[PDB]
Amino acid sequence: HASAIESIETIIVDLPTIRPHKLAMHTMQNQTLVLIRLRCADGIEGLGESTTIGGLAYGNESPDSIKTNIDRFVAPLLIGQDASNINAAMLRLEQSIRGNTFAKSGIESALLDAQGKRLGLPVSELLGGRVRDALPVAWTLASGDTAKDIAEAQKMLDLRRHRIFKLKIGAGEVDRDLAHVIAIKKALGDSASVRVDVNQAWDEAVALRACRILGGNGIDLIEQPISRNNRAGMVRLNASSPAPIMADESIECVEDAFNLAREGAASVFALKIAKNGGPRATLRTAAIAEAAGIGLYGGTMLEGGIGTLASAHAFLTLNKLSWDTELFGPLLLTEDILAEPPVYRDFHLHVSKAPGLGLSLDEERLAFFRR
């Protein structure tokens, strides 16, 4: 085919971050991305990104295993295939490859980037058409220090960078974390929306009390308080919690989204291209959530500019993202591999109408930071 895929290269890139990021199960000291370079016969290159958090501390795919499985299994399946038919290509992968959503996400992003360049349309238009050009962006407070978090939040407010804050908790004693969260909300007052993310750290026995306390103290959303394995517990917590609960880790594929909606496991769903298998699969998850009356949140796995924009282009097509987004990945990184970084200002990420993902590689930065 004229647009036949000729090569697929995966490159692991290590990048520095602005400060340590403490999750309930891991403290990030930096970040690693997997770049996908997909070239077609018509002389078009598509760029994609597969990124996770803390090696295998967060999910089952590591930057390393992602490269291994793409090179050994994905590449052989797609080389020679028509890059202009994205649906056919991704379904071809799905029939021979189980799981590996992070890898699939990077591959589809690259195909979409290439296809956008091929038609001279931004990805958002390939996906149906945008209903907005800007997306609100929340910021995560996870320095591990209450005073430091409050100061950072106030700074983002003064600089008009962010006004929605996500607090990582679950690593310490419950009462200590709650006091931490309550203190932050008290200091910010109505100037900001404060939410928490427990990353599955609590047992239901602890969450049933903690959620009641958070809800009574102005916390707007409680993300994945307990293990995705306590299916019945998540349902029960939705009933006892005066604050809405959001599913994140509970969604590891589109089918999970349906089952959670069926069971009533959460009233808000985080949307992550890495967890669903790309922008298109993520839109199927959003469609399921919308059909069920579940709120949407534009999530991230802390990707750099490529993965962040691949996510953004999908979110631009959604009628409503009631809980906003957390597309701040490129801002947590002190360095990326793009010639120009995504555009952030006045609490939002502004997406251009340039072809594909509207970005270009900084060959020099890539060559320097690539592993």
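Start at 1 and count along the sequence shown; that's the residue number.
Averaged over CA atoms, B-factors in the entry run higher in 177-185 than in the other of 230-238 and 177-185. As listed in the deposited structure, the average C-alpha B-factor of 105-113 and of 168-176 is greater for 168-176.
Looking only at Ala274, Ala151, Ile251, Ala261, the residue with the top Cα B factor in the deposited structure is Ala151. When the Cα B-factors of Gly299, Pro225, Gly144, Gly293 are read from the PDB record, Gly144 comes out highest.
In the deposited entry, the Cα temperature factor of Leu119 places it in the highest third of its chain's modelled residues. Looking at the C-alpha B-factors along this chain, the one for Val74 belongs to the middle third.
Sorting the modelled residues of the chain by their CA temperature factor places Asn85 in the middle third.
For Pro244, the recorded CA B-factor ranks within the lowest third of the chain. Only modelled residues enter the ranking. Annotation for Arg98: CA B-factor lies in the middle third of the chain's modelled residues.
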